[PDB]
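These notes are about the structure you will find just below.
Here, each number is a calculation from the coordinates, and none is a lab measurement. Ideal geometry is used to build each Cβ from the backbone, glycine not excepted, and the neighbour counts take in all protein chains shown.
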């Protein structure tokens, strides 16, 4: 049983520069904050920052 809230990356993505983290299909992402409508803040592979929700999927799905 999950600890509470977990996410998984379905697509790839790179850090635009400051305030963004990379992404890789099969990676374990952890959503924490929510931006406007597509960019959420979380942690993945140890790296922290914002990422495109369109490339992440909640364990609920």
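Taking segment 8-61 and the strands (runs of 3 or more DSSP E) fully enclosed by it, the elements with 2 or more residues that are without any contact (Cβ under 8 Å) to a residue 40 or more places away in the chain are at 28-34, 39-44, 47-52.
In this structure, does residue 3 turn out to be in a loop (DSSP other than H, G, I, E, B), surrounded by 14 or more Cβ atoms within 10 Å (Cβ to Cβ) and more than 10 Å from the chain's Cα centre (by Cα)? Criteria not met by residue 3. Taking the condition within 10 Å of the chain's Cα centre (by Cα) and crowded, with 16+ Cβ neighbours inside 10 Å, does residue 9 pass? Criteria met by residue 9.
Do we find that residue 35 is touching a strand residue (DSSP E or B) at 6+ places or on another chain (Cβ under 7 Å), at positive phi and surrounded by 13 or more Cβ atoms within 10 Å (Cβ to Cβ) in this structure? Taking the combined requirement at face value, the residue does not satisfy it.
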